[PDB]
Amino acid sequence: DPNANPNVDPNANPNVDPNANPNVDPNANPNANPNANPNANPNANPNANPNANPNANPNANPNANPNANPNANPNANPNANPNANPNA
Amino acid sequence: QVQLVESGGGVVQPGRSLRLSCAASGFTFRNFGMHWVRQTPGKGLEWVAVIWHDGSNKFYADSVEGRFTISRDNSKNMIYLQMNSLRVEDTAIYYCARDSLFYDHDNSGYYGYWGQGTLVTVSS
Amino acid sequence: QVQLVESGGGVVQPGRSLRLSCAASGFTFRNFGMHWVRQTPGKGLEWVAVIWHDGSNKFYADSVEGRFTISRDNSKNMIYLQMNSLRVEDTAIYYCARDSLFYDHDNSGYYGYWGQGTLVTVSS
Amino acid sequence: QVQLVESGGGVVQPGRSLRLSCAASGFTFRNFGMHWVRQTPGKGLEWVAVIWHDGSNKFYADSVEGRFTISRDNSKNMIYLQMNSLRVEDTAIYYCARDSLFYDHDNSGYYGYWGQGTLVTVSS
Amino acid sequence: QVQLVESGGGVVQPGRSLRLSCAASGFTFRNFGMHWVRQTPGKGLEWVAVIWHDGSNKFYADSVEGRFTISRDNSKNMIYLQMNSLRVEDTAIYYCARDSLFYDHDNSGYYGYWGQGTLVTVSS
Amino acid sequence: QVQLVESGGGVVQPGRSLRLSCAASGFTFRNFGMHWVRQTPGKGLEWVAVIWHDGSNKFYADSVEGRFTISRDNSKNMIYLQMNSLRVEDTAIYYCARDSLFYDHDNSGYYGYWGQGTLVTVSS
Amino acid sequence: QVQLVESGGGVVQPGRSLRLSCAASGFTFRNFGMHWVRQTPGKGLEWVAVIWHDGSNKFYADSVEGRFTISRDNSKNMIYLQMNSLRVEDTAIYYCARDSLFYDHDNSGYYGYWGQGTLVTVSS
Amino acid sequence: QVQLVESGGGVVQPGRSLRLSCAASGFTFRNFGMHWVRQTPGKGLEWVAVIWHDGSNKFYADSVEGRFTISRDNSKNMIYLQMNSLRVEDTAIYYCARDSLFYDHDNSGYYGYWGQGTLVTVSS
Amino acid sequence: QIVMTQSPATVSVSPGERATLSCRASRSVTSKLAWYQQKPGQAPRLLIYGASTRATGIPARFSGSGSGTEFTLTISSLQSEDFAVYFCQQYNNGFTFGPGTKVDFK
Amino acid sequence: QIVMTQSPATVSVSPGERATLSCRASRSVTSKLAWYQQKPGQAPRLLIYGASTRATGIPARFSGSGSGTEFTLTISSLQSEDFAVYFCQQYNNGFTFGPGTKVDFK
Amino acid sequence: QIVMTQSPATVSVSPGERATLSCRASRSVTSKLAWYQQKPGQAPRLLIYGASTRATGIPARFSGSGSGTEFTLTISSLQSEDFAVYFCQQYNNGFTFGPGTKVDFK
Amino acid sequence: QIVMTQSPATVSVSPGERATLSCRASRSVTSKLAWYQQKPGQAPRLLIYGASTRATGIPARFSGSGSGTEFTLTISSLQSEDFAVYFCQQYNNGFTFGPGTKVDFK
Amino acid sequence: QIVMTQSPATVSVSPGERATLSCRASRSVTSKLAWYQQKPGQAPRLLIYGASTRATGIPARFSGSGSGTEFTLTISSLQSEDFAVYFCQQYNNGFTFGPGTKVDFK
Amino acid sequence: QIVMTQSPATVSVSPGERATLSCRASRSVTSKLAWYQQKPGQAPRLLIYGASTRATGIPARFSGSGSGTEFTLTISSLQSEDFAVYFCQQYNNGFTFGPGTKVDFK
Amino acid sequence: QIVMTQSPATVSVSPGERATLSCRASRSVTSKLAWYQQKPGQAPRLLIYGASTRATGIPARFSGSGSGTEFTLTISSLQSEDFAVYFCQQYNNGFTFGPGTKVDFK
Amino acid sequence: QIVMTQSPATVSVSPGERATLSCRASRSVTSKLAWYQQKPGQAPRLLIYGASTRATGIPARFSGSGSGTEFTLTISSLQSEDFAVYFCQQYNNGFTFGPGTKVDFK
Amino acid sequence: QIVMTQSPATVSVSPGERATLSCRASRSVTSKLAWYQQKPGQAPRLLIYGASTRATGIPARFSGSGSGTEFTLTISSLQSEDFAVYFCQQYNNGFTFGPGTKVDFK
């Protein structure tokens, strides 16, 4: 009907309808969304987080690492240390 | 101060497509439906199309059925009318006018606020 | 104890802007829609605007169409009415009112609770 | 085996605060919405509150609007009902009820599974 | 070449538990959600469970709600289905089915690729 | 000055593997997600794959799902595309395209900047 | 028996420097982070600074940023707070508080063990 | 007393490189991220670049992408901005700005504390 | 929209008497109409909503009736605190109030 | 919201007979209505949901029917265990219960 | 939830002729309905998804149509390999299958 | 996903006039639709992104418009280097391209 | 950061009577909230941490609960030594305390 | 990203009067919008941050409010030192500034 | 940290039958969970580490599985020496054990 | 620790053709993966170290790549001397080798 | 190890202006990078060590900066006696030099 009212009815119910289904929908798409933004977010928080745990972590690996470099380090200081103890 | 400004006018050849844009300000745009009105010298005012508040239902006139497309963008407060396959009978002044001064459920379809209009000429 | 308190009133010159605030407590604010009601002595009570529960839809009276802006924030339980381009017709006491005492799907639009009202006068 | 167990009942004085807890097991807790149902002898059963699956929306009855707060924690599978400013009219048995036997989009709002209920009485 | 191979079937007694496994290859496993479909002769096909791409949400059928637990491991491309407290009604063929042929936002919930099936029988 | 150059092109037999590499310069490489876009004459432009800024998520087209593999190294500013199990349908020019002109949260997925393209021919 | 003994308190003039020392015993000092907490009558408890287990990271409140310097020395089981540019707003009792009762990865930031406290008065 | 002072200003020809430096004092430098803000007469304030607290992440504006490079030295309390391939459009006053007044996880990206700024002019 | 008029403008009734208040709409409002009580210096209060239903806490002394374009409000036994001005609202089409009818001591 | 009423309050039927319980709503609730059975000392149990659908585990003895404003619950041949108080709930608009109809010995 | 029915139970057609299978839903599922083909000893194979869209690798022989509660699957010219049992699924509300229609030799 | 069609396949305009290219999607893509221009032997160039926003460096001659399922690409007064193929992409759901439209000398 | 408010400021309770305390947060805090007890002349003592977990050595008399922006501390049978001022802390975003609520003799 | 505009370009207010500065964003910025004050030859000063919160040292004279796409900054009783140019920044999506509004003597 | 629970406390299986043990964690543990077998008078023996990896010397009879908060240990066909008490440990956050489940003759 | 796998076991490539070998890791090894070449009767020879860097004296023919869990080795134009068995090693976590892929005549 | 690259290879300038010299390393060098100046005929001279520290006797005209992978050498007002070739060294991992860049008359 071309003569139907096109304006919105302000007399519609403005309150939230409690009879809406409170159960979560199983028909929601379970696949990952490729249309999500792949760019890094510049609006993230650049400040440090004091809420991070300040306590030492006991779950760190206590075993000696075999993947440490076994070759000698040429970048060590070749100069004789003047701060070595000069006493007897 | 309901201000409606029409644009997109000019002269185009028959068989081509032109686009008209209508910017609306001074009222809640998304709560009302807008129209398009055609004024032809020697004929008078002629209705073109109507759009709903969100564009759900669109109704066109017989003289422009199947050729003209109406659309709206509530995020920009603009009304569009895409006139494809224009003919020599389409030369007239096109008016962007809002439906009714205020909301009344039993009274809708009359035009409260009109725009200055734009001229579209179809000729060779 | 549904308590509605208004603020932001005072004296302003015509053509300027005033902002009213309305703090609501004692009920789940985000589940209900709120109104603004205007009382002009010599005219009676006049409706101004209504906002949806989440602010999705906003409606305004014809006398304030395009000049008044209603807004809400559910994290602070407060209601805003932005009044721009005030005119000497706008002097009145403005009431913050909640819609309905409870939820009845077929019955909504009556003001179950009202605030004490803030007085806004525009003059030179 | 949908097993619902209420707890935290007892006797309090008017104007004080009481809290009821409901431990739910035997189903995926975070997939369904829960209710609280109150049974007053001589009046029958009356509805109190409802909470969404993820705790987004909360709806309360008129008689308990603004005084009772419903909440949930999907990690320990519990439903809580905080009762502030209790009155003599709030003496009854409170039941922890689950909405629907299974998911159906067009059919929700009935209590498919009830808890045994807990007694809450207020007096001096 | 989407290949799904189930395992972990066999014979069980009522009231015991069986764990089915599903090996997936030929596609990006972590980008899709997986289903379980059960075929009982004389009853037909019936859905059992579904899991999200990252395993955030898990949905079960009415007849298996609270007894069956679905899991996934994106680092090994494996889909699991823990079946605790089995009954004679659970004797059927269990298929590992991937959701959708390709990602479509408005079209999901059909089984694009099925596995060959595994037999689980519950009898003494 | 953003320049994208591809390499690794050539001619291979069906069923064999080819590795395309794309070099990126003129921007912060690790802040943007890169695409591979395919152009086959007679078919038009076609999308192949996408990788997140740090390579957490990778999405492939249906026609290439399970055979192609996209990766990146933010320390060398290069984008790779492993084309395993090639077929005659994969004969086309492969472009290295960057997503978006700049960061906009609600507007991403369009290819602002393209490379010159490399030719991959599958035949005997 | 976690025992914390503050020291270094007294009376100083505004704009001068005072150094507080906190002695800890009864636990492995180097495994935990330590806090400083400020109590002013009429305002309540106030957080000041936190130091990591190895002293790598230090964080301060807004009101003490750039003026108070927290430090630790694991070889003496001591916690220090250097207070430069003291103002009249800094008078309070300062508590040495250890973070957490035991190591919990997802729960840290509460003060399991408080010191006896020391009084710092700033005036003329 | 957080004081931010910058240097490295002057006059350079187009196509040449300029390096700005910014010294920070009065706060823990390594716990906050710093921005560069551009002000041009006739255009207003403009954002340029941001760096993280440890310099892990760097984000630049579209107009400066690939030409400017932000860096920081937490050991010397200095902020640097390398400006290669300068163009005439880059004539402006560059401010050293710190992000946020204090740590608020849900509120960051505003410049609470600014520096006096240096003038960089590109011309022949 | 809908024009609301109330007649008579003022009514004079002694305490303990019955008072009749009339509300008339220009067009049909079906059964969506509320009544409000406002005292000097006070905000309006909801007495009757719908067409006859009474708000919580309102005594049964207040009774409203009518439908369509003719609505009436009756105070069965007017007390001392019931002397005020009464407004009529329709919310079926828009939100319009009435001019108001005052209850005065006789 | 919606007031729910039942009639008659009590029904006396000997075991083996047929008992019919009626539920009536002030306004239409379409086909959203549940029937609950409560035995003394026990929580209510859902018998029928929707307008006719039976909860899992309910014998075919219980039969619900009706829509709109006239509902009924029929027990074709009651055993001894079918003697209790039955509540009528509507969840089309709000969540309201009926006063309760009791079935006892004849 | 939504119950799914297929009719007739068994369709007899000789190779070369057009065979039509029907599927009906208790409530409207719009245009979210998938068809599957199962041969003895084999897992079901997706033929049609949506309402008419055809899966990759499926010949243009299979043609589906319909929306709402009435759905049909049409085999334009049934070959020798098209003899199997076909299942009807709706994924608009839950995931429910039909009983299945078997196509056999004439 | 969404199939994009462009009409007409080729449009013939001499330099100086107005050229319009139309793009239509099967399902609504809101306002996520980018236009690309590809010259012979060159990679495509982004002209318009979103629905109307113009890429940096693009002259104001190229004007984009439309939303939903009907989009147009308008060239105000075509020069000589604007003769190329124009592609239509939607990135609301997946990533699909149009067949391309040729503009050629009249 | 987070503004922490406690209400009421002071509660009047007698020994053996159950006393409750309320804590409110401006924004979401989830389940990171600790309760401290400070006696006159003494340092605060950790009673509850997380949202309900009890510190070692704290009698089961003290019961905490709540999440998000509503946290409560409940003393089941308040004894003579339980008279002090109780503080509410959040450690989700920063480290902010509440003003403190004092329990006193009735 | 988000285009920010301010209105009016300039305001003329005598000392002691109330001056209102408005700000508008092209798209929704939720509640992430700050206001800066710049005096000639001086670096901008952060007055209000987020939507309304006031930086330390800012007098209660400055009052910020608004959310979504409509923001206003209100100066209740503007003093002599409050004559400057005020900038509106959003940091919800990117980091963009408004053109700036100048407050001038009347 | 994490409280670790096992159910049931005792399982009875005849030799040759399959015995399954369950382990539940209060919070997420991911894939860091070990199973230990202790015989009377002997030290515990590591069977499974990680979530499923089997220690050297342990026969393929023992098969661990599960992730997150649900972990199961399955003995495919238990012999006579597999009668003992099985402890469940998590090392994701701290080092906590389970109470222990005993396997006994039937 | 980390289990190395290679596929296919044998590849048949004629001289002058391009040969590709694959190496896949159970968990990410970043970019620490070396390739070795062993001819019968001879010790393995280091061709590639890191992820792509070539050992000194290795012809530019041998081109490897990959990072994370997917690694490949490509021989651009295999000569007669390039017929051997190639081993994949990771040294990110421990020192584990692959089974080895043999290249033979076609 | 770490490969250093200098850009541009040669720079053209007249005495009195500012000259910029860039050094880039493949991997991070922290702050251990030295600059050397070699004129034709004699050994290079150490100008800058560390990242910015100047050797004793070097005029303040020579300015160095940068850390990590980007390094620059800037001369405030380039003079005549100092036209030479400049080398970039890293001594954090091994000892490598850059290819060297030259400053020349314009």
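See the structure shown above.
Novice: Hey, could you run me through the pattern of salt bridges in this one?
Specialist: Pairing is possible between side chains that carry opposite charge, provided their charged atoms lie close to one another. Residues and elements named next belong to chain B. Taken as a whole and judged by the stated rule, the model has 67 salt bridges over all chains. Linking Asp90 and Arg38 is a salt bridge whose minimum nitrogen-to-oxygen distance equals 3.2 Å. Here the residue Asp90 occupies a position in the loop between β8 (78-83) and β9 (92-99), and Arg38 occupies one in strand β4 (residues 34-40), the gap between them amounting to 52 residues. Considered together, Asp90 and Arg38 belong to a single accessibility category, that of buried residues. One salt-bridge network, in which partners are shared between bridges, spans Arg38, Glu46, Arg67 and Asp90.

Novice: When you look at the environment of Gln116 of chain H in this model, what are you seeing that I'm missing?
Specialist: Residues and elements named next belong to chain H. Relative to the helices and strands, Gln116 resides in the loop between β10 (111-114) and β11 (118-122). When the C-alpha positions of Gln116 and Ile93 are compared, they lie 9.4 Å apart, and in sequence the two are 23 residues distant. The residues touching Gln116, leaving out its near neighbours within four places in the chain, are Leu4, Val5, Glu6 and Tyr95.

Novice: How should the packing of aromatic side chains be read in this particular structure?
Specialist: Each pair of aromatic rings is reported with the distance of its centres and the angle of its planes. This model, assessed by the stated rule, comprises 107 aromatic pairs over all chains. Pairing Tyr111 of chain C with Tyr36 of chain I gives two aromatic rings, centres 6.2 Å apart and planes at 45°, and the pair type is tilted. Highlighted residues: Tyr111 of chain C in strand β10 (residues 111-114) and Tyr36 of chain I in strand β4 (residues 33-38), drawn from two different chains. With relative accessibility at 0%, the residue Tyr111 of chain C sits in the buried group. Given the relative accessible area of 0%, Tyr36 of chain I is considered buried. Consider the rings of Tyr36 of chain O and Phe97 of chain O, whose centres lie 5.9 Å apart with planes at 50°: the pair is tilted.

Novice: Please clarify how the interface of chain G and chain M should be interpreted in this entry.
Specialist: Often, the extent of an interface is quoted as the loss of accessible area upon association of its parts. Contact with chain G, which involves 18 residues of that partner, is made by 17 residues of chain M. For the chain G and chain M pair, buried surface summed over both sides reaches about 1,500 Å², with 64% attributable to carbon and sulfur atoms. The largest per-residue losses of area from chain G upon contact with chain M belong to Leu45, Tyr110 and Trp114 of chain G, which jointly make up 31% of the total buried on that side. Inspection of the region where chain G meets chain M yields zero salt bridges. Our count for the chain G to chain M interface comes out at seven residue pairs in polar contact. Only β4 (34-40), β5 (44-51) and β10 (111-114) of chain G provide two or more residues apiece to the side of chain G that touches chain M. When its residues are assigned to classes, the side of chain G that touches chain M shows nine nonpolar, seven polar and two charged.

Novice: Please clarify how the pairing of strand β3 (residues 19-25) of chain P should be interpreted in this entry.
Specialist: Regular strands have side chains that alternate between both faces of the sheet. Residue and element names in this part refer to chain P. Alternating positions in β3 separate cleanly, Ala19, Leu21, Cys23 and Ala25 being buried on one face and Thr20, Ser22 and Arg24 remaining unburied on the opposite face. Of the strand pairs in this sheet, strand β1 (residues 4-7) and β3 are connected by four bridges, and their pairing is antiparallel. The residue bridging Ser7 from the neighbouring strand is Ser22, located in β3. Pairing analysis gives six bridges linking β3 to strand β8 (residues 70-75), with the strands arranged antiparallel. When the sheet's bridge partners are listed, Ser22 is paired in β8 with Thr72.

What counts and what doesn't
Numbering of residues starts from 1 on every chain and follows the order in which that chain's sequence is written, so it may differ from the entry's own numbering; residues lacking coordinates are left out. Chain letters start at A and ligand numbers start at 1, both assigned in the order the entries are written. The structure shown is incomplete relative to its larger assembly, and all values pertain to the part shown. The side-chain quantities take in all heavy atoms of the structure and omit both hydrogens and water. A carboxyl oxygen of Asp or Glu within 4 Å of a side-chain nitrogen of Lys or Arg is what we treat as a salt bridge. Where helices and strands are cited, they refer to DSSP runs of H or I of at least four residues and of E of at least two residues respectively, numbered from the N terminus. The classification of residues rests on relative accessible area computed with a 1.4 Å probe and restricted to protein chains. Under 20% of the type maximum is buried, over 50% is exposed, and intermediate values are partly exposed. We call two residues in contact when some of their heavy atoms are within 4.5 Å. Centres within 6.5 Å are what make two rings of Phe, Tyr or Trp a pair, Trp counting through its six-membered ring; a difference in plane orientation under 30 degrees is then read as stacked, over 60 as edge-to-face, and the rest as tilted. Defined in terms of a 1.4 Å probe, buried area is the accessible area two parts forfeit on being brought together, summed over both. Pairing of N or O atoms within 3.5 Å defines a polar contact, subject to two protein rules: one partner must be a possible hydrogen donor and the other a possible acceptor, and residues neighboring in sequence count only if both atoms are side-chain atoms. Charged residues are taken to be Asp, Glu, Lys and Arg, nonpolar residues to be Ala, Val, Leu, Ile, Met, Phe, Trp, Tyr, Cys and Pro, and polar residues to be all remaining types, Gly included. Two strands form a pair only when DSSP identifies at least two bridges running between them.

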